[PDB]
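**Q** Following this message is one structure expressed as C-alpha cells.
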Amino acid sequence: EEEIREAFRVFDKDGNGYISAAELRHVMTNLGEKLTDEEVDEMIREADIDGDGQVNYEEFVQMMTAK
Ligand SMILES: [Ca+2]
Ligand SMILES: [Ca+2]
C-alpha cells in the first residue's frame with residue numbers, strides 16, 4: 001500500500017490526488033515505457049471506471065493490483 005501510495009504521489013506532480021493521462025506519459029516515457037496517446041487512452045479507459053478520463057488512487061490500485 002505505501003509503495004502504491006508513494007508511487008501514486010510521485011505521478012501526481014501537482015498533488016491534485018489524480019493522475020492525468022499526460023502525467024502517465026511523463027512517468028511511462030521516463031520509466032523507459034514509450035506509449036502513444038492512444039495506448040495511454042487504452043490504459044486510462046481500462047483503469048478509468050468513472051469515465052472521468054483520469055486514474056484516481058482506487059483505480060490505480062485495481063489497475064496495478066488487479067487480482
Ligand atoms: Ca495530477
Ligand atoms: Ca477515474
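Note on naming: chains are A, B, ... as they come in the C-alpha cells, residues start from 1 per chain, ligands start from 1 in the order shown.
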Using DSSP on the backbone coordinates, identify the residues of chain A assigned to alpha helix (DSSP H); present them as number ranges by chain.

**A** A: 2-11, 21-30, 37-47, 57-64

**Q** Which residues of chain A have any atom within 6 Å of an atom in ligand 2 when counting only C-alpha atoms and all ligand atoms, and what is the closest pair of atoms for each, with the distance in Å to one decimal? Order the rows by chain and rising number and write it as CSV.

**A**
residue,atom,partner,partner_atom_place_in_ligand_line,distance
A:48,CA,ligand 2,1 (Ca),4.1
A:49,CA,ligand 2,1 (Ca),5.5
A:50,CA,ligand 2,1 (Ca),4.9
A:51,CA,ligand 2,1 (Ca),5.9
A:52,CA,ligand 2,1 (Ca),4.8
A:53,CA,ligand 2,1 (Ca),6.0
A:54,CA,ligand 2,1 (Ca),4.7
A:55,CA,ligand 2,1 (Ca),4.5
A:56,CA,ligand 2,1 (Ca),5.3

**Q** List as number ranges by chain the protein and nucleic acid residues lying within 12 Å of ligand 1, with only C-alpha atoms and all ligand atoms counted.

**A** A: 8-27, 54-57

**Q** To one decimal place, how far is CA of residue 4 in chain A from CA of residue 64 in chain A in Å?

**A**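 Atom-to-atom, CA of residue 4 in chain A to CA of residue 64 in chain A, that is 8.3 Å.
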
**Q** Which one is closest to residue 7 in chain A: A:35, A:67, A:30, A:61? Count only C-alpha atoms.

**A** A:61

**Q** Would you compute the distance between CA of residue 5 in chain A and CA of residue 47 in chain A? Give it in Å to one decimal.

**A** 16.1 Å

**Q** If DSSP is run on the backbone, what residues of chain A are strand (DSSP E or B)? A reply as number ranges by chain would be ideal.

**A** A: 18-19, 55-56

**Q** What is the distance, in Å and to one decimal place, between CA of residue 33 in chain A and CA of residue 65 in chain A?

**A**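 Interatomic distance, CA of residue 33 in chain A to CA of residue 65 in chain A: 19.0 Å.
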